[PDB]
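Worksheet: one structure, shown below.
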Amino acid sequence: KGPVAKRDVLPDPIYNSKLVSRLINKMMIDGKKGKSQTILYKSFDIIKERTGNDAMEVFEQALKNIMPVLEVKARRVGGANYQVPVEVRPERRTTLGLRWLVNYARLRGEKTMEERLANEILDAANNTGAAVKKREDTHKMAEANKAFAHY
Amino acid sequence: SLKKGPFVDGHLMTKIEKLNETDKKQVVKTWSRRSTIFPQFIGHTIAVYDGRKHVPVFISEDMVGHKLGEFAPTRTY
Amino acid sequence: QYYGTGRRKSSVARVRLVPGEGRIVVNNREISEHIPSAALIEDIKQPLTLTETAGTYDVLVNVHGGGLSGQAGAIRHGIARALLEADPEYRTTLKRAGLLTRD
Amino acid sequence: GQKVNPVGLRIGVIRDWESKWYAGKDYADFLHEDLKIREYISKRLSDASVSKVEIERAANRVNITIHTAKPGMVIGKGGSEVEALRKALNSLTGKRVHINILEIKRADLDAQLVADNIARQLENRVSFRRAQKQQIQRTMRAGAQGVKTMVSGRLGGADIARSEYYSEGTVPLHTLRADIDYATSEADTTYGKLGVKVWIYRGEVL
Amino acid sequence: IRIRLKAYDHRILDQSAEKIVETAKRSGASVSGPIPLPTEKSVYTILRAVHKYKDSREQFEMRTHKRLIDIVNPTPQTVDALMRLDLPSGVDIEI
Amino acid sequence: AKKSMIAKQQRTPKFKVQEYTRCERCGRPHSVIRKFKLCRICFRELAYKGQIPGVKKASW
RNA sequence: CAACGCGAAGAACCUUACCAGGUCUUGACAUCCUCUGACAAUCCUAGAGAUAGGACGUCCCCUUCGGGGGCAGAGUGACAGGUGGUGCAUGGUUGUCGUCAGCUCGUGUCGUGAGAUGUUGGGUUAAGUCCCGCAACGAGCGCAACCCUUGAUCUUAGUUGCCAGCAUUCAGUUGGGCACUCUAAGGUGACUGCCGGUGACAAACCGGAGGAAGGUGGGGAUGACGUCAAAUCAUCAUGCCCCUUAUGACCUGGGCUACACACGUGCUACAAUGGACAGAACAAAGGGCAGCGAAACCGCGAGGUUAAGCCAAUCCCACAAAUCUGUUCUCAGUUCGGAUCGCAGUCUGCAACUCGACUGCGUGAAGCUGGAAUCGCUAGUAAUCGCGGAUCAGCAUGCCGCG
């Protein structure tokens, strides 16, 4: 066996970014990529409107904040069910950040996914945020499981 | 039937006509649960074969809007 | 009259790259007349931007079959194929894209 | 579930259609008529040991090709046999019927007649070993790259019915181009019913 | 003037088309070549099993190759030739 | 009750609506075929036996 | 596992087997025997009809006069019927291991024996595929292979396909071209073909150019010996056993569709990626003769009337919806869902009452994401939106396929 390759589509006129393209690929339901594209466009527009700054930098800072450095992987060595901290590769970090962003944004609850994602990007740029709660919990678990930094 | 006209069996209609030309009389037995009730059915205590017996039923005025099967149950419990 | 076929997911782009100014006809329609959501319009010209062929060839196509996205993909694929068959000088550059998927 | 017969799989590869015509609005009717014709001709010539019978539709005329392996038993004197075979079909069908009779050389090679002879020998109380071995040797001396014969049912037992395999040579059923002749036969004995399965590999075509 | 063919036999239909084309061209009628019309096809699904085992299934294929030939010049000689032409029954020649 | 059922199928029905289909070879209702008017197993075996010029093994 | 959207690819009668009732007994169905000659076809009564009471009415033909070729009847018994039992007697047909890679045979050797050697050991592959060594040499069933489909190209051909170059058109409709998709035919092609490296120098593996195709290109057909006393006596035959004026047969109606219930499979819902309204684009495959049915009119509507065209690259089914651009509502058991529901209607058919679907009217709950646990999915796959056909007078959330 072994790993496998893959690729995506970068070009996006509204805040061109490969991570933005990956996010667009995410949050998509029922094969409706157009809905996700429109939602992301309108959310970035609302961000640019409310905050006098380019949404690209805000999104980058939100990703830098939510990205988890250490992952806590379970492992059952005997009747103990231990856990092992793990160093997350940048790809897995970005994917986990996207997952948490989307999930907690849709979990927040507002009148529109656009406003939900906008407020989530804001509460991510400002470390105080839902996805950052998940980040902090994961970091706490990794710290508590530091005893198994390496087998 | 929507505009082709109401529905009734020929033999049952002939029996009812023979019975009504002079006066309404003894039950008119028939197996035609399909037949729809007409104003002529009024006064005639028709019988319907529910599968094992004939149930005589007195057809009143308001019965015109139903079928004999509506008054002839079949399932048992 | 350079010709090409942008076969992609049942959507065929009967493209004939003839020398023109840069007009792109889709089933006898205009770009905006046919395809809203211009996010894909800029993508169609991806190879047209990789190689400088801005306004020297016209694109007359009769795209039959497929949705909007599949039609745009077939259009750009046929454009790339016809452009390569016309001038293979930049085939070394366009081999890193290909756009052939057998979808 | 087990293997499938090659008769239905080799069509289009090498074997041609046993029925060659293009019909319309009467496909099932002509098919049923031909089925009845085949049933009748098989029940009649069952003693004449006929292998197969092809039919061709000819615009209200029917051309029937018969492979019997023994002409003197299907045409005999020429007149009586042809009359009895053609007028009966004409009367039972309703239109003209033309008959052609071909003779199968090396009659010990066609699965149909091979299974027929094996079933006859079984019904004659012949041992299921002697008959099988003799038929296999006969086929092999007649010339065949491979012969497979299977008999299942009650071979003398009451509580258990089991199969028996006896084959020599190469019988590559999985090879598409094999021209394997396949046919089945039944033998109703006093102890029950016996089934004979025979598929013979005659050769491959390049 | 036109004539069509419909057959399930690939090679027989091909040979019949070639023969008709030759017979019609040898007299100088300039008949257009055999038009390769789309072949109509159908499929039937049947269960391999007898009673149980719905999953076990087979597929049967039916194909008919249709071709058209259109005459350019009247050439009654070609008409008589085609009229006196005898081909197998697997094509069901139709005018 | 098989040949009795076949005779009943062959009977002249009171109304044409009362008519039902049978494969004309066996007494198997429940998915008789129209195009061939042959029973499932019967049609399969006959097609395998070289008859039915039009039907052959399918592959896609 | 291999029963549970399975037989059964469509139960108002018919299908129908099962039951209440009215009935019959060379019988509903096929050979036998003696005759009397055509039966049918229209009409009244009982009918629910089976069936009779019956009337109108029987036109049969072929020959050198006997007879023969069917149909109906009138008598006799050989018989018929078995959806009656046995799949622990069977043929035939399928499911599982399993598309897993093993299962075997001739000769020779060893072991006094059951047995082993070939098939073991090393490398290698999806493979007991292949190579090396080899006390063994060869071979069969298998596996890849040639079969079909798709991915690219040369040629053969342009009408019922295409419309650019040309001229006309409201329409690809016309003259005109076969440039080109396209369709249907012959070929070619990808076969470790080539180079480097590794490996034994081999079999074999990684990378490299070409190319549509690189290491069985993807998929389908193809299911090795045998196991489950696996399923089918119901598709068919089947020995044995059992009934036979009845476990057989005809007909009306009923049941096969009942539910305090529980469980498999599927569809719809709980809403803001949303609900309703206005505008717009793209489809792929398949069917059409008592069949498919343009167009027009009527009707909110399902649909009805006249009817063009099509035995079909022509004409039709048949204007795909998701989707996009707008208007509007606003977090609520709601402008969510439409189930149950009353009425009024549409498709069919003698008749949708036990018993279809669909449409409008007025409401609208269960339901706001659902317990252990459990299921499918590695790419055009998951998810999801429509389209056509089987069974069919009329019936699909299931089946088959397509996009």
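Convention: chains lettered A, B, ... in structure tokens order; per-chain residue numbering from 1; ligands numbered from 1 as shown.
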
task: Name the residues in contact with region 11-21 of chain C at a cut-off of 8 Å, using only C-alpha atoms (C1' of nucleotides), excluding same-chain residues fewer than 4 positions from it; report them as a PyMOL selection string.
output: (chain C and resi 1-7+55-66+70-71+74-75+77-79+82-83) or (chain G and resi 180-181)

Per residue of chain D within 10 Å of chain G, which atom pair is closest and at what distance in Å (one decimal), using only C-alpha atoms (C1' of nucleotides), listed by chain and increasing number, as CSV?
residue,atom,partner,partner_atom,distance
D:1,CA,G:94,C1',4.6
D:2,CA,G:223,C1',7.1
D:3,CA,G:223,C1',7.0
D:4,CA,G:222,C1',9.2
D:9,CA,G:221,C1',8.5
D:10,CA,G:147,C1',8.7
D:12,CA,G:147,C1',9.1
D:13,CA,G:147,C1',6.9
D:24,CA,G:311,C1',9.7
D:25,CA,G:289,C1',9.3
D:151,CA,G:91,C1',9.6
D:152,CA,G:91,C1',7.5
D:153,CA,G:90,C1',5.4
D:154,CA,G:90,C1',6.7
D:157,CA,G:89,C1',8.3
D:158,CA,G:89,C1',5.3
D:159,CA,G:89,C1',5.7
D:160,CA,G:89,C1',6.9
D:161,CA,G:90,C1',7.2
D:162,CA,G:90,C1',9.9
D:167,CA,G:140,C1',9.6
D:168,CA,G:140,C1',8.4
D:169,CA,G:140,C1',7.1
D:170,CA,G:140,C1',6.3
D:171,CA,G:141,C1',8.2
D:172,CA,G:141,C1',7.8
D:173,CA,G:222,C1',8.9
D:174,CA,G:222,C1',6.1
D:175,CA,G:146,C1',8.3
D:176,CA,G:147,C1',6.4
D:177,CA,G:146,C1',8.1
D:184,CA,G:92,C1',9.4
D:185,CA,G:91,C1',9.2
D:186,CA,G:91,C1',6.9
D:187,CA,G:91,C1',8.4
D:188,CA,G:238,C1',7.9
D:189,CA,G:239,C1',8.2
D:190,CA,G:239,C1',6.5
D:191,CA,G:239,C1',5.6
D:192,CA,G:239,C1',4.4
D:193,CA,G:91,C1',5.7
D:194,CA,G:91,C1',5.5
D:195,CA,G:91,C1',4.8
D:196,CA,G:91,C1',8.4
D:206,CA,G:146,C1',9.3

Write the residues of the preceding selection, restricted to C-alpha atoms, as a CSV table (one decimal), in the first residue's frame.
chain,number,residue,atom,x,y,z
D,1,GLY,CA,-24.9,-22.2,-9.4
D,2,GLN,CA,-22.4,-23.7,-11.8
D,3,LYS,CA,-21.0,-23.2,-15.3
D,4,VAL,CA,-23.1,-22.0,-18.2
D,9,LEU,CA,-22.1,-17.8,-25.3
D,10,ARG,CA,-20.3,-18.7,-28.6
D,12,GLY,CA,-21.6,-14.1,-32.7
D,13,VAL,CA,-18.0,-15.3,-32.0
D,24,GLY,CA,-41.8,-8.1,-37.7
D,25,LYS,CA,-45.2,-8.0,-35.9
D,151,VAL,CA,-24.4,-38.3,-15.5
D,152,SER,CA,-26.2,-37.4,-12.3
D,153,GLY,CA,-29.2,-38.9,-10.5
D,154,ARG,CA,-29.8,-42.4,-9.1
D,157,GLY,CA,-28.9,-46.1,-5.2
D,158,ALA,CA,-32.0,-44.9,-3.5
D,159,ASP,CA,-30.9,-42.7,-0.6
D,160,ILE,CA,-28.1,-40.8,-2.4
D,161,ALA,CA,-27.7,-39.4,-6.0
D,162,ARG,CA,-24.3,-38.4,-7.1
D,167,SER,CA,-13.2,-36.9,-19.7
D,168,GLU,CA,-10.0,-37.1,-21.8
D,169,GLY,CA,-8.1,-34.3,-23.5
D,170,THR,CA,-8.6,-30.6,-23.3
D,171,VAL,CA,-12.1,-29.1,-22.6
D,172,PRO,CA,-11.3,-25.3,-22.1
D,173,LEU,CA,-14.8,-24.0,-21.5
D,174,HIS,CA,-13.3,-20.6,-20.6
D,175,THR,CA,-11.7,-20.3,-24.1
D,176,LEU,CA,-14.2,-18.3,-26.1
D,177,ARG,CA,-13.2,-19.7,-29.5
D,184,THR,CA,-28.3,-32.6,-22.8
D,185,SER,CA,-30.4,-35.7,-22.6
D,186,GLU,CA,-32.8,-37.4,-20.1
D,187,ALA,CA,-33.3,-41.0,-19.2
D,188,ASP,CA,-36.4,-42.0,-17.2
D,189,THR,CA,-35.5,-45.2,-15.4
D,190,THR,CA,-37.5,-47.3,-12.9
D,191,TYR,CA,-35.6,-45.9,-10.0
D,192,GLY,CA,-36.2,-42.3,-11.1
D,193,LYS,CA,-34.9,-39.9,-13.7
D,194,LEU,CA,-31.3,-39.6,-15.0
D,195,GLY,CA,-29.8,-36.6,-16.7
D,196,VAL,CA,-26.9,-36.8,-19.2
D,206,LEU,CA,-7.8,-18.9,-35.4

task: For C1' of residue 199 (chain G) and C1' of residue 131 (chain G), quote the distance in Å rounded to one decimal.
output: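 A separation of 12.2 Å between them.
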
message: Should the cut-off be 9 Å, what would the residue list for chain D against chain F look like, counting only C-alpha atoms, as number ranges by chain?
response: D: 5-12, 15-22, 27-29, 31-32, 54

Selected residues, C-alpha atoms, written as a PDB file, in the first residue's frame, please.
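Below is the file out-v9.pdb, written as the result:
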ATOM      1  CA  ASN D   5     -23.471 -23.769 -21.561  1.00  0.00           C
ATOM      2  CA  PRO D   6     -21.307 -22.632 -24.500  1.00  0.00           C
ATOM      3  CA  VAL D   7     -24.204 -22.724 -26.974  1.00  0.00           C
ATOM      4  CA  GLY D   8     -25.550 -19.395 -25.759  1.00  0.00           C
ATOM      5  CA  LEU D   9     -22.113 -17.818 -25.318  1.00  0.00           C
ATOM      6  CA  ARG D  10     -20.333 -18.712 -28.571  1.00  0.00           C
ATOM      7  CA  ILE D  11     -23.004 -17.056 -30.741  1.00  0.00           C
ATOM      8  CA  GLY D  12     -21.593 -14.107 -32.651  1.00  0.00           C
ATOM      9  CA  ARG D  15     -21.318 -20.225 -34.247  1.00  0.00           C
ATOM     10  CA  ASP D  16     -23.999 -18.794 -36.513  1.00  0.00           C
ATOM     11  CA  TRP D  17     -27.692 -18.497 -35.699  1.00  0.00           C
ATOM     12  CA  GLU D  18     -29.723 -21.703 -35.829  1.00  0.00           C
ATOM     13  CA  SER D  19     -32.563 -19.389 -36.936  1.00  0.00           C
ATOM     14  CA  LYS D  20     -31.764 -16.857 -39.677  1.00  0.00           C
ATOM     15  CA  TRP D  21     -34.504 -14.379 -40.569  1.00  0.00           C
ATOM     16  CA  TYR D  22     -35.788 -10.861 -39.924  1.00  0.00           C
ATOM     17  CA  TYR D  27     -41.785 -12.528 -34.101  1.00  0.00           C
ATOM     18  CA  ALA D  28     -43.286 -14.450 -31.178  1.00  0.00           C
ATOM     19  CA  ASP D  29     -45.847 -16.138 -33.436  1.00  0.00           C
ATOM     20  CA  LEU D  31     -41.033 -18.436 -32.822  1.00  0.00           C
ATOM     21  CA  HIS D  32     -43.859 -20.495 -31.320  1.00  0.00           C
ATOM     22  CA  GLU D  54     -32.431 -25.288 -38.545  1.00  0.00           C
TER      23      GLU D  54
END

message: Show me, as a list in words, the residues that have an atom within 12 Å of residue 363 (chain G) when counting only C-alpha atoms (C1' of nucleotides), minus same-chain residues fewer than 2 positions from it.
response: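 Within the cut-off, the hits are residues 338, 340, 341, 342, 361 and 365 of chain G.
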
Pull N, CA and C atoms (P, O5', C5', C4', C3', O3' and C1' of nucleotides) from the residues just selected and write them as a PDB file, in the first residue's frame.
ATOM      1  P     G G 338     -44.236  18.377   1.087  1.00  0.00           P
ATOM      2  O5'   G G 338     -44.963  17.228   0.256  1.00  0.00           O
ATOM      3  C5'   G G 338     -46.380  17.119   0.239  1.00  0.00           C
ATOM      4  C4'   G G 338     -46.907  16.562   1.537  1.00  0.00           C
ATOM      5  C3'   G G 338     -48.414  16.395   1.634  1.00  0.00           C
ATOM      6  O3'   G G 338     -48.874  15.204   1.018  1.00  0.00           O
ATOM      7  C1'   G G 338     -47.615  17.467   3.581  1.00  0.00           C
ATOM      8  P     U G 340     -52.982  10.349   3.339  1.00  0.00           P
ATOM      9  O5'   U G 340     -53.668  10.317   4.775  1.00  0.00           O
ATOM     10  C5'   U G 340     -53.410   9.255   5.680  1.00  0.00           C
ATOM     11  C4'   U G 340     -54.148   9.449   6.977  1.00  0.00           C
ATOM     12  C3'   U G 340     -55.583   9.930   6.852  1.00  0.00           C
ATOM     13  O3'   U G 340     -56.491   8.900   6.509  1.00  0.00           O
ATOM     14  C1'   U G 340     -54.479  11.207   8.493  1.00  0.00           C
ATOM     15  P     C G 341     -57.466   9.089   5.246  1.00  0.00           P
ATOM     16  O5'   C G 341     -58.342  10.359   5.638  1.00  0.00           O
ATOM     17  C5'   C G 341     -59.001  10.404   6.892  1.00  0.00           C
ATOM     18  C4'   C G 341     -59.440  11.799   7.260  1.00  0.00           C
ATOM     19  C3'   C G 341     -60.492  12.437   6.374  1.00  0.00           C
ATOM     20  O3'   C G 341     -61.795  11.923   6.583  1.00  0.00           O
ATOM     21  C1'   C G 341     -58.823  14.024   6.886  1.00  0.00           C
ATOM     22  P     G G 342     -62.659  11.399   5.333  1.00  0.00           P
ATOM     23  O5'   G G 342     -63.579  12.642   4.948  1.00  0.00           O
ATOM     24  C5'   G G 342     -64.548  13.150   5.854  1.00  0.00           C
ATOM     25  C4'   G G 342     -65.283  14.327   5.270  1.00  0.00           C
ATOM     26  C3'   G G 342     -65.554  14.258   3.772  1.00  0.00           C
ATOM     27  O3'   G G 342     -66.724  13.527   3.449  1.00  0.00           O
ATOM     28  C1'   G G 342     -64.548  16.319   4.275  1.00  0.00           C
ATOM     29  P     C G 361     -55.850  24.793  -4.088  1.00  0.00           P
ATOM     30  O5'   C G 361     -57.300  24.747  -3.425  1.00  0.00           O
ATOM     31  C5'   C G 361     -58.281  25.722  -3.748  1.00  0.00           C
ATOM     32  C4'   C G 361     -59.654  25.320  -3.265  1.00  0.00           C
ATOM     33  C3'   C G 361     -59.859  25.345  -1.759  1.00  0.00           C
ATOM     34  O3'   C G 361     -60.129  26.645  -1.268  1.00  0.00           O
ATOM     35  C1'   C G 361     -60.701  23.317  -2.631  1.00  0.00           C
ATOM     36  P     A G 365     -49.745  21.042  12.338  1.00  0.00           P
ATOM     37  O5'   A G 365     -49.235  20.265  13.632  1.00  0.00           O
ATOM     38  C5'   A G 365     -50.098  20.079  14.743  1.00  0.00           C
ATOM     39  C4'   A G 365     -50.607  18.661  14.821  1.00  0.00           C
ATOM     40  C3'   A G 365     -49.583  17.605  15.205  1.00  0.00           C
ATOM     41  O3'   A G 365     -49.354  17.538  16.601  1.00  0.00           O
ATOM     42  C1'   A G 365     -50.807  16.860  13.330  1.00  0.00           C
TER      43        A G 365
END

- prompt: Hey, can you check how far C1' of residue 150 (chain G) sits from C1' of residue 178 (chain G)?
  reply: 27.2 Å

- prompt: Quick one: distance from CA of residue 54 (chain C) to CA of residue 25 (chain C) in Å, one decimal?
  reply: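 Going from CA of residue 54 (chain C) over to CA of residue 25 (chain C), I get 15.3 Å.
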
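Running DSSP on the backbone and keeping only alpha helix (DSSP H), the residues of chain E that qualify are residues 10, 11, 12, 13, 14, 15, 16, 17, 18, 19, 20, 21, 22, 23, 24, 25, 76, 77, 78, 79, 80, 81, 82 and 83 of chain E.
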